[PDB]
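Asks: Here's a structure for you.
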Amino acid sequence: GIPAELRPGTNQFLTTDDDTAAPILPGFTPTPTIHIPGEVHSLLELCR
Amino acid sequence: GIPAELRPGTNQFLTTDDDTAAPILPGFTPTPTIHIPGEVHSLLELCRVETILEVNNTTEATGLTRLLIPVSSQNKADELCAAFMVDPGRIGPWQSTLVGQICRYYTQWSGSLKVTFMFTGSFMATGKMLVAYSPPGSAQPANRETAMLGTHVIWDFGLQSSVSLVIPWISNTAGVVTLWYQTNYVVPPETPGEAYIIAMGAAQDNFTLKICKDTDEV
Amino acid sequence: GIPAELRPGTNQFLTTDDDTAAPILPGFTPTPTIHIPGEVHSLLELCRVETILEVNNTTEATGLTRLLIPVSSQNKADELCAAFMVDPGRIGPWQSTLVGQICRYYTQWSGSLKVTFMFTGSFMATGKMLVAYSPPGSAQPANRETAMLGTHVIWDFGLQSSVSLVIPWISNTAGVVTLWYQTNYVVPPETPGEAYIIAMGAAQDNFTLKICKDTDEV
Amino acid sequence: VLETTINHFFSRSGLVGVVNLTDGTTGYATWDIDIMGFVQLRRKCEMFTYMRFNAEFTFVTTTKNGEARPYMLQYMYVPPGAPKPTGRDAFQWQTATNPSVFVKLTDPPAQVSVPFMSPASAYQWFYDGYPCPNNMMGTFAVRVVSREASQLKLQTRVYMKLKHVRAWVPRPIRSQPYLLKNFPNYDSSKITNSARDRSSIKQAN
Amino acid sequence: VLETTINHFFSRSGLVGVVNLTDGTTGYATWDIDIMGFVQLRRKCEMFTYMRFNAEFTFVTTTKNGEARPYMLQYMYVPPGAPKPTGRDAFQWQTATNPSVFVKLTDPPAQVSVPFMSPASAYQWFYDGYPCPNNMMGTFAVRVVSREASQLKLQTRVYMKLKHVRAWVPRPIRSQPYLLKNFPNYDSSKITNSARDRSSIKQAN
Amino acid sequence: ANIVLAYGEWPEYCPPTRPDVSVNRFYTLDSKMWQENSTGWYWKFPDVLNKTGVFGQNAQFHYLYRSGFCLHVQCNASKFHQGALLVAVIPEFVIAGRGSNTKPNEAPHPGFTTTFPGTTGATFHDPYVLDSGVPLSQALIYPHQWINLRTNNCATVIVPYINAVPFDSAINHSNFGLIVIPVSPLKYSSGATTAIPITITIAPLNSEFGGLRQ
Amino acid sequence: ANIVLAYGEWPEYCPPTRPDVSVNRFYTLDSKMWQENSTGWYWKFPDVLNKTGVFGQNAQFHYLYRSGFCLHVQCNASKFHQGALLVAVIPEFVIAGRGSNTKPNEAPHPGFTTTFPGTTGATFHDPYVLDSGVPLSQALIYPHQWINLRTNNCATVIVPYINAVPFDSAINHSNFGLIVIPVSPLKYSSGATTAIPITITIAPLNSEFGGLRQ
C-alpha cells in the first residue's frame, strides 16, 4: 500500500498518446511472417 | 496489481507544480538551434548595466531634459547642486533605470550599487565637485563641510571626466547621494557657461534578488 | 500503465500522518541559518533545571511570599516545619515549577527527582534541620524519631547552606517530603530571629516522559 | 526519548483557523496566516524565543448543512509583500505570481506546503524594540470559480502542521490569562496564583 | 541566485485565456494561441528579442452557475496550417491529425504539452520588415461531444505555463501604455514620464 | 569566584570597526539602594550605555551594532543583614502592560521611560509575574545567579550576542535585559544600616560598529 | 581608440558566394548636420547600402544574404563646442506609429520612407521614447558608445549577424538599426560654427550572397 496522488491529466483520453492497452487475446500467437519482396520503411522511398 | 492509497492533495491543480504533461505531438522533432549571439541566462546580467537615472524628474521639464543635471557659472560656491535617494525599488530617479524596473518584479533585494557621473561640457572649462554619500538613518546634509565628513569624492573637470561612487550596502531610511558645487564653474571667454551631468546607475556582483511578485507599472 | 488497486484508507485525511506535501514555492531557497546560541533539542533539557517550588501555597499569602518557607526562633524543637508531596503531575507545590508544567503535556512520567533547599538567613545564625523522605504508601510521619527512621538528612546551617535530597524513584500514594525543626534556630543578639528557605526541584537523567496530551491550564 | 524532541513536540496537524464564505455577499474570503491564533499553540510557541519551521496547510471545506456538491474552488497564497485581493473578480486572482490551487468540494481536502519565508534567520514573536511586522507568513484567499454568482455559503477549516522545526533560547511558560492577540498584556488586579491553595503548610493536600 | 534565471523568470502557470461556450448558438468555441494576450506576460516577453520554449496548457472548464455535471468534452489542437473547424458537426473534428482530448466536467482539469513548432530557430515578435505570420503556434477548439444538442453554457480557462525557455538579445522594458494587440503603437500626445515628479531637484522626496 | 557563561558560549567577532581601546573599560552605574519594601530592578543593555562616553558616542552615530557583555553585580552588606537576590539575564525582555482592557485601541501600553529605562533602570510593579505575565518561580531557565548575603556578595555573567540577525540597531532594539529581584526580603536589627547598596559594572566584550552615519 | 564588439562575437562565415574584393570597402554616407534643436537619426542597414555600388548590385539581384558590419561614426567639432551623442545599434528596430486610435483598421502606421529611410536616414519625432514606446534612458542595454565632445570624436562598433535564420532577404527585412541621439544638446558661443557634421563609414565584414535571381 504505497501512497500516491492523482495529478491533472487523470482520466483523459489523449489521441496521440503512446500508451499500452490490454490485449483481448492473450497468449495468441499470430501467423509467422514470410519474406514478401518490396517492403517500404519510410515515405522518402516513395518520393525519390 | 500493486496495492495503493490516495492521500490528500489528490485531483488538485497546483499552479507552481513541477509536473510533466502528456505531449500533444510525440516524436515531433523541432527545428535545431543555431548560434544566436547575445543569450541571457539570468536577470543579474541585466542589472549590472549602467543606465541613465532621471534625477531631474521635477515638473516644468520636457521629455529629454529630465535626464540632465544642469550646472552653471553664475552659481556661488560651497552650495548644493543636486540630491537623490539610493533605494532602487521606490518611486523617484531610480524608476527610469533598468535595475529599478527589474527589482520591482522581486520583493527583496540586497547588495552594493554603483552610481557613475559623466560631465557633458566644454573642454576648456574646469572646476571641482563634491560627490557625497550619506548612509541610511541620516537626513540630507545642510552644509558642504558636513557632507565632506561623510563619504565623499572631490571630482574635478580638468583631469577626470567621469567619476564613479560605489554604494557600499543597501537593504530593503535609504541613504542619500548629494552633489555639491565646491569651487566654481570657471570658463574662458567664447565658451558657454552652462553644461550638464548625466547620472547613471547599476548594481554590483553582490546584488541579489528574491521573493517574486507581479509588477505594478501596468 | 501498471495495474493497481485502491485499498481501504483511500482519500482519508489522517491528522498524524507523515506524508509529504506539494511545495507552494519550488526552487525558493530560504535565508541561511546562523549560529544562534542556546538551541534546544528535547524537552528533557528543560526538566533538568532547578525551579522554585511554591510550598507556601496556602491562603493569606501575597504574591512572592508563597515561595518561602518561614523559620523562626520562637519555635520549639522536635517539631514539624513543613511537608509537601513529590508527584509533579498534580495540583500543589509542583505546579509552579517547570518540570510540573512540562510533565502535564505528557500523560506518563518515570524516574528520579531532586529537591534542593537553600537557606536565606543571617551568617551568624546556626541550627539543624531534618529533611525526611517517606516513600509511597506511607502517610505523613507524626514524630521526628519516626521520620529519622525513613530517608533522612541532618542538614545544619553553620557548615552547609544548601542541602540536596534525591527522590529515588516515582511512577505515575506519591511519597511525602517533610522538613523538621531538630535542634533550634539559635541566634546572637542584634540579628533577626526569622529566616526563610527556598525550595527548588528538578528531574534527573532517569526521568522519561511518554503518551502526549494537551494541557489543561488554558 | 523520541516523544520529547522539539520536532515531535510541534509536528502534528490541528485546527488553525475557521474561514466563513458566503458567495452572496462578498464572494471571496481572506485569512492572514498567524500561528498565534488559538491559545493552545500560542502557549507552546511562547515557550521559545526563536523558531524556524516549514508549514503544511490542509483545507477542509464543507457546506452549511454538510452535503458536498461538485463546485470548483480556488485557493490563493499571497506571499509577504503582494497586495491582497479586494473583490471577487479583481485582478489579484489572475496574477500568475500568486500560487493557486483548483480543487472541487467532492475531492479530498487540499494540502500545500509553505517554506521559511522570513528575511531574518528565524521567526521571533517577542521583539523588544521599536520598528513586529517582520514575519507576515503570507495570506490565504479562497473563492468559488464560476462565471455567474453561486448561491451557497461554505465553511473552510485550515489545519496547520509544523515540520523541520528548530527552537532557540527557551523561556518560561506563561501562567496569566490572555487579553489581546499581539501583546502579552496581563491584568494587574486579580493575579492568578500558579498553585492551587491548600489548608496548611504542614499537610499533604 | 535561482529565482533570477530566465527559466524560473518565465516558468509559472497563470491565466492565458477565457473562452465562452454556449451550445445553443454556435455549439463550439475556438481560440487562437497567442501569449501576447494579457498585458502582464506581454511586458515580460517584449523584454527579449528571441525566445524558444515549450508550453503546458491546462483547461479548467466550469458551468455558468458553477455546478459540474458529467458531460463529455472534446478539446482539439489545430497545428499551424490545418484549417479551423467551421461548425459544431463539421468534418474537422473527425480529422485524425488534429490531436483531441476527451474529458468530462467532473474529471480533473485537462493538461497537454505543445513543443516548439516554428520553422525558424526561435520565436520573434519584433519583426522589422515586410512579409509576422511565422509563429502561429496552433489553435484550440473545444466542443461538447453529444448526438443531440445540449442546453448548457460553459466557461473555459486556459492556463499556460512555459518550460525550457531560452532568451536572446534583451531589449528595454516598455514604459508607454498599450493601444493595439499586434503593434507597439504609443500615443504621440500625453507621453507618460518614466519617473514620478517631485518638488525640487535639491530634495529627497 | 564563580563565573556563569550564558548558554555556554563566549562572545566572539563576526566571521566593521573595532575600537578595542576605550570601549573595553568598566562602565560603573550608580548604586541602587535596596531596602525592606523593595521589589526589583531591570536594565535594558544596548540603551543603558547609549549616553555614557565612548560607547554611547560610537553607538549613537553608527547604524549597525554587535557586541557581547560582561556583567559584574556586587552587593556589599554587613554580616548581620540577611536576604537573597536573583540576578538573571533575559533575551528579548518585553515589558507588558497592566490593565483589564481587551480593545486594541484602548488597552494600556508601557511608555518609553518604562520599556527603555536608561542608565537609571526601572523598578518592577508586580515582580511575581516579572511584569510580563510569566512567573518568576521558573525564571531560573535563564542564565542566573543567586546573591545570598550569607555566602557571597558578588555575581558575574558573561553573555554573548543573542539575536537572529548578525547586526542590529543599538537604539531602536534592546537586545536583552538584566533583572535583580529580592526573592527573600532584607532583614536587620535596630541600629544597622536600613538600606544596602547594589553596584553594577559592565564590560562591552567584542564590540563591532558599522555604518558611520553622522 | 576603443572598439566595441557587439555581444562579444566576431562576424564569421556560415559553417554561397564571397566577393572579398569590392565589397570590403568603406562606404561613406553623407554627413549629417547636427544643430541645437536636433533630435536624432536612425539608419536601417541592409537597406542603407542597397542603392550604392557593388554591394547594392550584389544584394538586389540575389535572394539570400548574410553579413556583419563594421561601423565608424566620426563627429568632428571644435574645442569650444560642447554636447554628447549616444550611438547604439538595435536588433529588430521596429518603428512605432504615433496616434491615439485603438481600431486596427484606423490606427496609423508608418510609411515606407519612415520604416526604410534609405541612404539618407530619418529623424526622430519623439526621441525620449525612441519612436517605439520604449524609453531611451535604458537604451544602454544595446551595444553602444558615447561621443562626448570633450573626450573623443569617434566611435566604432563591430556587429555580427543577429538573426534567428542563417539566411534572409536583404530587401524585405532590415536586420538592425543604428541610432545617434544628442542626449546633451549642442552649445556654442556667438561666432562659432552653428552646425557640426557627423560622418558614418560602413564596412560589410564577411558578406555572403545566395540565389542569383536575375
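To be explicit about the labels: the chains of the C-alpha cells are called A, B, and onward in the order shown, and within each one the residues are counted from 1, while ligands get numbers from 1 in the order they are shown.
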Near residue 84 of chain E, counting only C-alpha atoms, which residues have an atom at most 10 Å away, once you skip same-chain residues fewer than 5 positions from it, shown as a list in words?

Replies: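 My reading of the contact set: residues 30, 31, 32, 76, 77, 78, 79, 92, 93, 138, 139, 140 and 141 of chain E.
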
Asks: What residues in chain D have any atom no more than 9 Å from chain B when counting only C-alpha atoms, and can you write them as a PyMOL selection string?

Replies: chain D and resi 58+79-82+95-104+107-112+117+119

Asks: Can you pull out every residue within 7 Å of residue 63 of chain E, counting only C-alpha atoms, but drop anything in the same chain fewer than 5 positions away, and send it as a ChimeraX atom specification?

Replies: /D:146 /E:68,153-155

Asks: Hey, can you check how far atom CA of residue 159 of chain C sits from atom CA of residue 197 of chain C?

Replies: 15.9 Å
